[PDB]
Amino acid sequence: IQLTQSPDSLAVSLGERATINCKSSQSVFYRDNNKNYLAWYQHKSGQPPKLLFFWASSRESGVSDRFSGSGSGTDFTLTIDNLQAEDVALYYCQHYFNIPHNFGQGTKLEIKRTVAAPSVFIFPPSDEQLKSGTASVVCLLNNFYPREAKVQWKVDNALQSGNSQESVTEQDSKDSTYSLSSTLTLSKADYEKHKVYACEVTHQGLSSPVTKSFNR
């Protein structure tokens, strides 16, 4: 038996009701027992899956009063009232009527908060790395919302291309922000040719582009 969750992705504001539905291709309600062979799971970043519900509606010990398990037959529903920041996770319904005990596709719950501009920092390359032969300049955008941020590297005001790599964090469980690092990687030989090393950041929270820079 296959499970199709709906939606795939969902952005919900802090304090609103979040609704995640689960649909069976067959049916996980055994008429004799009066019980739905189905569970619900939460899966945060850097942690294993935590069980929310089982027998559709019956709640696990320690799980929040705000969470609710509901629905019967084919159609089921997870309902997170008064959405807190820690509820940022992937959500999975799962049946155990027959083998295999298939999980759903996954429902990603994102949190919506107010616009937070990034705190932009820059790190020149270490003397340890410069001795080893390479030079990595890290630019760090710290704690912002929404997710979408651009970075532009400028070596002596000249737009770089092809020599930087970036990565966004997962969304934070306390303050609902994203962070981002970008790493301009050069050779020591090329790094020594130029003076000014700048990181120009664009974001919704910022009115203009913010440049954090230094002289070699």
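The first residue of the shown sequence is 1; numbering continues from there.
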Exercise. Between 92-100 and 129-137, which has the higher average C-alpha B-factor in the PDB entry?
Worked result: 92-100
For this session: Please work out which of 37-45 and 65-73 has the higher mean CA B-factor as recorded in the PDB entry.
Result: 65-73
For this session: Just grab whichever of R147, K154, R59, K174 has the top CA B-factor as deposited.
Result: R59
Problem set entry | Residue of maximum C-alpha B factor among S9, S24, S208, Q204, per deposited coordinates | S24
Exercise. Comparing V28 with the other modelled residues of its chain, is its CA B-factor in the lowest, middle or highest third?
Worked result: highest
Exercise. Within this chain, which third does the Cα B-factor at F53 fall in: lowest, middle or highest?
Worked result: highest
